[PDB]
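Undergrad: this one's a deposited entry, sequence included:
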Amino acid sequence: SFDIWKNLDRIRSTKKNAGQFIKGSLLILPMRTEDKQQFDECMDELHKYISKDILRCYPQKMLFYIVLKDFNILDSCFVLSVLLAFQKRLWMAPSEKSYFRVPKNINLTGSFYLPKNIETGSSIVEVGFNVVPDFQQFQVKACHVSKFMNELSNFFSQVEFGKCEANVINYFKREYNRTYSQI
RNA sequence: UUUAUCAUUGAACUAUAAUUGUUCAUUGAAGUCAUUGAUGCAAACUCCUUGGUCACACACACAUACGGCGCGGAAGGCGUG
């Protein structure tokens, strides 16, 4: 069923300690929009539940860095589902204008970055040949949302992070801007 | 468990406040590597060097507590010439 509250409760029910937060946890998702306004509307509707400390948005001055810190395993599912389905529904189904409902025929596709010093010991695959110097890129392909919620749970249940610096985010911004400036 | 710069300028910002606090960018200055590090605690495992792997024994002892009553070797203490 293509409603993310229903899947979020579905995965709160059954996933063996999905509430617990992962220590040292950092996810950076750089996204692009051609409308600033509707994207800021989505971030407001998102921040009403996500909370300011766990999820942040930094605009480069269109590119917006969406950063998750200290997220729960359940929390990452909610955020990445809303943002990837928004990024898709801008092109696919523009009229519907609901944030928490993902219309049929949307397959979630995107990429996120984790810090390089994670140890992992499907639908989310890590990439060979990653352009950013100190970060690892992961790609999610063709997930319905029910399948993507499940796959994020099986992915961040395993992975385990370690000891990033305080200003690691500024470093990611600087390096990402250098590569796209070079191209 | 705990750590990862300093100064200048602009912008928003909280405020009893010159704007003390918070975030973003800019110029200059240094800057051991590390963060899979460092520090605290503890355990298992694997492996190296070293030795009289000597002789006679497989033995019922002992209150003054224990024949120090086999041959060597190592190291000291003390005595004599």
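TA: Perfect, thanks for sending it. Numbers count the residues shown, from 1 in each chain, chains lettered A, B, ... in the order given.
Undergrad: what is the burial count for residue A:176?
TA: A count of neighbours around residue A:176, defined by other CB atoms under 10 Å, yields 19. For the C-beta atoms, the positions are set from N, CA and C on the backbone; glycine is no exception.
Undergrad: if you could redo that for residue A:158, that was the one I meant.
TA: Using other CB under 10 Å, residue A:158 has 11 neighbouring residues.
Undergrad: ok, and the closest non-adjacent residue to it?
TA: Spatial nearest neighbour of residue A:158, chain neighbours left out: residue A:120 (5.9 Å); criterion: CB to CB, 6 or more residues apart in numbering.
Undergrad: to what extent is that neighbour buried, counted in neighbours?
TA: 10.
Undergrad: do residue A:81 as well
TA: Considering only other CB under 10 Å, residue A:81 is surrounded by 21 other residues.
Undergrad: so who does it touch?
TA: A:4, A:7, A:102, A:108, A:145, A:148, A:149 (CB atoms under 8 Å, 6 or more residues apart in numbering).
Undergrad: phi, psi of residue A:126?
TA: Backbone torsions of residue A:126, given as degrees, to the nearest 10, read phi -80, psi 150.
Undergrad: can you tell me, leaving aside adjacent residues, what's nearest to it?
TA: Nearest non-adjacent residue to residue A:126, counting by CB to CB, 6+ apart: residue A:138, 5.3 Å away.
Undergrad: helix, strand or coil for the one you found?
TA: strand (DSSP: H, G, I helix; E, B strand; the rest coil).
Undergrad: need the contact list for residue A:23.
TA: Contacts of residue A:23 by CB under 8 Å, 6+ apart are A:70, A:161.
Undergrad: thank you, goodbye.
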